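S.K.: Below you will find the structure I want to go over with you.
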Amino acid sequence: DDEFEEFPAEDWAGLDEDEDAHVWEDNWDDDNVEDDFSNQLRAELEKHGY
Amino acid sequence: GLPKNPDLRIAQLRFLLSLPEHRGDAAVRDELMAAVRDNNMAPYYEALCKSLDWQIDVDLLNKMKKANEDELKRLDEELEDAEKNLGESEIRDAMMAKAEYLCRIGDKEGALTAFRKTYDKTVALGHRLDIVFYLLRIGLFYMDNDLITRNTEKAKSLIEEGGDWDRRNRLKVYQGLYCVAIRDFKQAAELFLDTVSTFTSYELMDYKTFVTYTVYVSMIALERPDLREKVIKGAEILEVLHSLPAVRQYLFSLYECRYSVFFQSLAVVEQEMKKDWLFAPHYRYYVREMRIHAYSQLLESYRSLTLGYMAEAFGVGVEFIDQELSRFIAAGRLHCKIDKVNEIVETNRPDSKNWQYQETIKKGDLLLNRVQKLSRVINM
Amino acid sequence: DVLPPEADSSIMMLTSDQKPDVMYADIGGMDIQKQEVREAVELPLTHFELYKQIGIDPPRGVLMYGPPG
Amino acid sequence: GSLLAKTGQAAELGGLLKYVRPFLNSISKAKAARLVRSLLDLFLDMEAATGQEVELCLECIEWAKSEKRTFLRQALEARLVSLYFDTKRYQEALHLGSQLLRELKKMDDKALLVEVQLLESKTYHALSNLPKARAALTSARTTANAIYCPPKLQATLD
Amino acid sequence: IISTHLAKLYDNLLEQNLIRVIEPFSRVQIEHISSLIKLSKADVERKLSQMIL
Ligand SMILES: Nc1ncnc2c1ncn2[C@@H]1O[C@H](COP(=O)(O)OP(=O)(O)O)[C@@H](O)[C@H]1O
């Protein structure tokens, strides 16, 4: 039993936090950055006049 | 089971003061009004982050904590030293009073130590059920998802097997693990529509709050199969929507498929979920998943619905719906394409044969990956 | 081979379930007692879990020694 | 009281009801109790002071409780359950009906129980609580078998 | 049980009228369907949708 350290074993040097520390399953679209939807709908209501 | 429920309230108040900075004036008031009470000094190492390091009650409040904790500690010492009561005796409840003092007054560390001590000491059915409930409640208090999973695993495995008619008193918070997590789609609802509460208004802060969780979970679950015969037929469901008109408003809006009021109410739902510590689907399943179900419901039974008219039938801002459709198609759902040169939504709904055959070839891909992995397992 | 169905071997009636003939409160006899009968239906109406814990021993056989009344 | 109802007066009838209390506690309990009920029903009939009808009757119930006329105060509680259903009250009518049922089932009244159960069935239907309405209605029938010819009540059940 | 049943009955006639006039057509323009039913376009489209969802 060997760990195959011959291949470059660059362990992740952060050791600070787990971003998804829980069992949450992420998606490619789930991690986009926006002001959610409530603010966007408010802006949509404003540009239409109400 | 009443304890740790007002503790849940202060935990939610700390959430409302910490994560959303918009609530920084009223959140301070409710946090202070419930932290000067309830003896929040040991449970104030978390509270010091938002407000000052310590509110100006230090001398009086700490004396109350130390005196109360010492009195219970003296009581515990008397039972465990002067009397040799062991096993099935009153020492079991004496250590429950110790754990209650270390939980309701002291920090969670002492309460957890007291719990784990008597859990390993006595394994009686009633005692084991009560402590599992307390461990779950303190776990959902301090947001230790590891502790919530641990108590849920043992309870669903062996603890709930021994003893019945108490699982009906526990699933409402045993499924809270799925409620706080992303899994609000299938497993949550299937074990959470049960309207058998262990108390009239407790655990999840109310029966009304219990319903709001039911409505949110059901809305994430499904769009419009015979849900009229699943939740709408529910008499207690109709009654509580009479109690909450706004909650009744969007639930009927989704049922009636009237998008003009739905989106405004859906945004209100997302804003309400923002003020709730069960905010895990922050960018996935507040409004995007529900409208994915709604848009799928809308564009199905349609072939080419114009962007301009579907925009006014689903709010305003033709460009806003156009960019929303493009984003969601790129996400994968909303099975359709956009004819930009003519501004048309040409859907592509596969037939019952076509869509299902697509599902089989996908599962064929996954299982070929499985058997190839198993072919790796053999011959080595 | 073994036959799964058992009711039709000698007829003697069959599954009368899933068919509303006389629902419940529509009976003209009101109660007579009908509380021991609802006690009898407690076991079909789940409550076998409530038979334990609560420590009751639910009834098993109900004999009605009455005329066609 | 008959002329006040005929004319439609409210303040005068309210003052008369608040004034006749010495005479109520000088005669037969049943006769005084039914006189109170008749005057209260006549007052609540025409003039719709929704901000005063509930408060006035609650005061009468408190007065009846002070006089220890249990059957009187129970009757007015049933009347306010009916008034609550008339005003589309959500759940305060429900607990009041539940409180009435607990107080009345220990007794052996029959007319009040049928009215309470029927009112409970009505408010379930108003809140669209069909299965509980059916269960309450079935209990209403089981209680209503006692009265042989309540010509108004039998129509209400039907 | 007055507005609710009248609305329920109104839905019944809408469904019956649509189903009665729909057998011949393999593909019919919806403004023609509205003309036969003597109604507007949005309400007929909304009713026909709610039936088919
Ligand atoms: N609502 C009702 N209440 C009481 N009896 C009824 C009602 N409806 C019908 N019946 C009668 O009850 C009878 C049952 O008869 P039967 O089964 O022969 O009596 P037994 O069960 O004693 O042999 C039927 O013949 C039917 O006419």
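We name chains A, B, ... following the order of the structure tokens; residues begin at 1 in each chain, and ligands are numbered from 1 as shown.
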Residues at most 10 Å from residue B:38, counting only C-alpha atoms, excluding those fewer than 2 positions away in the same chain, as an mmCIF file with N, CA and C atoms, in the first residue's frame?
M.R.:
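Result file out_14.cif:
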```cif
data_model
loop_
_atom_site.group_PDB
_atom_site.id
_atom_site.type_symbol
_atom_site.label_atom_id
_atom_site.label_comp_id
_atom_site.auth_asym_id
_atom_site.auth_seq_id
_atom_site.Cartn_x
_atom_site.Cartn_y
_atom_site.Cartn_z
ATOM 1 N N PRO B 6 -37.866 28.961 22.537
ATOM 2 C CA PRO B 6 -37.474 30.374 22.644
ATOM 3 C C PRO B 6 -36.003 30.588 22.353
ATOM 4 N N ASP B 7 -35.170 29.581 22.618
ATOM 5 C CA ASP B 7 -33.778 29.636 22.189
ATOM 6 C C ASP B 7 -33.676 29.671 20.669
ATOM 7 N N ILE B 10 -34.256 33.341 19.619
ATOM 8 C CA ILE B 10 -33.090 34.210 19.742
ATOM 9 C C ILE B 10 -32.031 33.839 18.712
ATOM 10 N N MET B 33 -34.057 42.894 23.314
ATOM 11 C CA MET B 33 -35.216 42.590 24.146
ATOM 12 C C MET B 33 -35.304 41.113 24.507
ATOM 13 N N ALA B 34 -34.623 40.240 23.767
ATOM 14 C CA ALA B 34 -34.615 38.815 24.058
ATOM 15 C C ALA B 34 -33.259 38.309 24.531
ATOM 16 N N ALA B 35 -32.246 39.173 24.599
ATOM 17 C CA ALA B 35 -30.950 38.799 25.152
ATOM 18 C C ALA B 35 -30.737 39.305 26.569
ATOM 19 N N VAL B 36 -31.311 40.458 26.920
ATOM 20 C CA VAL B 36 -31.299 40.879 28.317
ATOM 21 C C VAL B 36 -32.115 39.910 29.160
ATOM 22 N N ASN B 40 -28.568 35.525 28.719
ATOM 23 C CA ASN B 40 -27.654 35.370 27.587
ATOM 24 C C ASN B 40 -26.300 35.993 27.918
ATOM 25 N N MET B 41 -25.483 35.240 28.656
ATOM 26 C CA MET B 41 -24.062 35.542 28.793
ATOM 27 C C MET B 41 -23.186 34.415 28.273
ATOM 28 N N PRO B 43 -24.500 32.054 26.246
ATOM 29 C CA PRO B 43 -24.860 32.218 24.833
ATOM 30 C C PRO B 43 -24.751 33.668 24.361
ATOM 31 N N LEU B 61 -26.486 40.169 35.656
ATOM 32 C CA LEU B 61 -26.848 38.990 34.879
ATOM 33 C C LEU B 61 -25.906 37.825 35.167
ATOM 34 N N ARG B 104 -30.536 25.813 29.016
ATOM 35 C CA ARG B 104 -31.356 27.018 29.033
ATOM 36 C C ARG B 104 -30.596 28.203 29.614
ATOM 37 N N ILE B 105 -29.687 27.957 30.554
ATOM 38 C CA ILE B 105 -28.886 29.009 31.178
ATOM 39 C C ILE B 105 -27.467 29.028 30.614
#
```
S.K.: Which residues of chain B are close to chain A, meaning at most 6 Å apart when you count only C-alpha atoms, and how do they look as a PyMOL selection string?
M.R.: chain B and resi 182+267+283-284
S.K.: Taking C-alpha atoms for each residue, export the selection above as a tab-separated table (two decimals), in the first residue's frame.
M.R.:
```
chain	number	residue	atom	x	y	z
B	182	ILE	CA	-31.33	22.20	0.02
B	267	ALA	CA	-40.55	38.20	-4.94
B	283	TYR	CA	-29.42	31.52	-5.52
B	284	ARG	CA	-30.88	28.17	-6.66
```
S.K.: Excluding stretch 52-69 of chain D and any residue of its chain fewer than 5 positions from it, enumerate the residues within 8 Å of it, using only C-alpha atoms, and give them as a PyMOL selection string.
M.R.: chain D and resi 29+40+44+76-77+80
S.K.: Counting only C-alpha atoms and all ligand atoms, name the residues that have an atom within 6 Å of an atom of ligand 1; the answer should be given as a PyMOL selection string.
M.R.: chain C and resi 27-29+67-68
S.K.: Just need the residues of chain D within 10 Å of chain C, counting only C-alpha atoms, so spit them out as a ChimeraX atom specification.
M.R.: /D:134-135,137-139,141-142,145
S.K.: Those same residues - N, CA, C and O atoms - I'd like them written as a CSV table (one decimal), in the first residue's frame.
M.R.:
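To be explicit, this is the file written out as selection23.csv:
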```csv
chain,number,residue,atom,x,y,z
D,134,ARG,N,-68.0,17.8,8.2
D,134,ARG,CA,-68.8,16.6,8.1
D,134,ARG,C,-68.8,15.9,9.4
D,134,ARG,O,-69.9,15.4,9.9
D,135,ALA,N,-67.6,15.8,10.1
D,135,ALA,CA,-67.6,15.2,11.4
D,135,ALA,C,-68.4,16.0,12.4
D,135,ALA,O,-69.2,15.3,13.2
D,137,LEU,N,-71.0,17.9,11.7
D,137,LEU,CA,-72.4,17.7,11.3
D,137,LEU,C,-72.9,16.4,11.7
D,137,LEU,O,-74.1,16.2,12.1
D,138,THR,N,-72.1,15.3,11.6
D,138,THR,CA,-72.5,14.0,12.1
D,138,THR,C,-72.8,14.0,13.5
D,138,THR,O,-73.8,13.4,14.0
D,139,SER,N,-72.0,14.6,14.3
D,139,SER,CA,-72.2,14.8,15.8
D,139,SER,C,-73.5,15.6,16.0
D,139,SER,O,-74.2,15.4,17.0
D,141,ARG,N,-76.2,15.7,14.1
D,141,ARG,CA,-77.3,14.8,14.0
D,141,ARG,C,-77.4,13.9,15.2
D,141,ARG,O,-78.5,13.8,15.7
D,142,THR,N,-76.3,13.3,15.7
D,142,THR,CA,-76.4,12.4,16.8
D,142,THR,C,-77.0,13.1,18.0
D,142,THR,O,-77.7,12.5,18.8
D,145,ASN,N,-81.1,14.1,17.6
D,145,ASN,CA,-82.1,13.1,17.6
D,145,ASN,C,-83.0,13.2,18.9
D,145,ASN,O,-84.1,12.7,18.9
```
S.K.: Do you have the atom CA of residue B:131-atom CA of residue B:116 distance handy?
M.R.: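 Separation between atom CA of residue B:131 and atom CA of residue B:116: 8.8 Å.
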S.K.: Which residue gives the smallest distance to chain E among B:266, B:278, B:257, B:380, with only C-alpha atoms counted?
M.R.: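 Of B:266, B:278, B:257, B:380, the one nearest chain E is B:257, counting only C-alpha atoms.
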S.K.: Show me which bits of chain B are within 10 Å of chain E, counting only C-alpha atoms, as an MDAnalysis selection string.
M.R.: chainID B and resid 224:225 256:258 297:298 300:302
S.K.: Listing only residues of chain B within 12 Å of chain D, what is the closest atom pair and its distance in Å (to one decimal) for each, using only C-alpha atoms, sorted by chain and residue number ascending, as JSON lines?
M.R.:
```
{"residue": "B:232", "atom": "CA", "partner": "D:128", "partner_atom": "CA", "distance": 10.4}
{"residue": "B:233", "atom": "CA", "partner": "D:130", "partner_atom": "CA", "distance": 8.8}
{"residue": "B:234", "atom": "CA", "partner": "D:129", "partner_atom": "CA", "distance": 8.0}
{"residue": "B:235", "atom": "CA", "partner": "D:129", "partner_atom": "CA", "distance": 4.3}
{"residue": "B:236", "atom": "CA", "partner": "D:129", "partner_atom": "CA", "distance": 6.6}
{"residue": "B:237", "atom": "CA", "partner": "D:129", "partner_atom": "CA", "distance": 8.8}
{"residue": "B:238", "atom": "CA", "partner": "D:128", "partner_atom": "CA", "distance": 6.5}
{"residue": "B:239", "atom": "CA", "partner": "D:127", "partner_atom": "CA", "distance": 5.5}
{"residue": "B:240", "atom": "CA", "partner": "D:127", "partner_atom": "CA", "distance": 9.0}
{"residue": "B:241", "atom": "CA", "partner": "D:127", "partner_atom": "CA", "distance": 9.4}
{"residue": "B:242", "atom": "CA", "partner": "D:127", "partner_atom": "CA", "distance": 7.0}
{"residue": "B:243", "atom": "CA", "partner": "D:90", "partner_atom": "CA", "distance": 7.3}
{"residue": "B:244", "atom": "CA", "partner": "D:90", "partner_atom": "CA", "distance": 11.0}
```
S.K.: One decimal, in Å: what's the spacing between atom CA of residue B:227 and atom CA of residue B:275?
M.R.: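 Going from atom CA of residue B:227 over to atom CA of residue B:275 covers 27.6 Å.
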S.K.: Select all residues from chain B having any atom no more than 10 Å from an atom of chain C (counting only C-alpha atoms, ignoring ligands), output as a PyMOL selection string.
M.R.: chain B and resi 163-166
S.K.: Take the selection from the previous step and output its residues with N, CA, C and O atoms, as a PDB file, in the first residue's frame.
M.R.:
```pdb
ATOM      1  N   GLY B 163     -40.428   2.006  20.243  1.00  0.00           N
ATOM      2  CA  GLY B 163     -41.396   2.985  20.693  1.00  0.00           C
ATOM      3  C   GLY B 163     -42.100   3.658  19.534  1.00  0.00           C
ATOM      4  O   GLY B 163     -41.448   4.136  18.599  1.00  0.00           O
ATOM      5  N   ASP B 164     -43.425   3.704  19.579  1.00  0.00           N
ATOM      6  CA  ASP B 164     -44.220   4.258  18.497  1.00  0.00           C
ATOM      7  C   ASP B 164     -45.122   5.360  19.042  1.00  0.00           C
ATOM      8  O   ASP B 164     -45.172   5.614  20.248  1.00  0.00           O
ATOM      9  N   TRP B 165     -45.824   6.027  18.126  1.00  0.00           N
ATOM     10  CA  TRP B 165     -46.680   7.178  18.401  1.00  0.00           C
ATOM     11  C   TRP B 165     -45.906   8.361  18.967  1.00  0.00           C
ATOM     12  O   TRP B 165     -46.511   9.366  19.359  1.00  0.00           O
ATOM     13  N   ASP B 166     -44.578   8.261  19.021  1.00  0.00           N
ATOM     14  CA  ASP B 166     -43.711   9.376  19.355  1.00  0.00           C
ATOM     15  C   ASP B 166     -42.951   9.866  18.131  1.00  0.00           C
ATOM     16  O   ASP B 166     -42.545  11.031  18.091  1.00  0.00           O
TER      17      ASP B 166
END
```
S.K.: Neighbouring residues of residue B:175 were defined as those with any atom within 9 Å, considering only C-alpha atoms; residues of the same chain fewer than 3 positions away were excluded. Please report them as a PyMOL selection string.
M.R.: chain B and resi 152+170-172+178-180+187-189+191-192
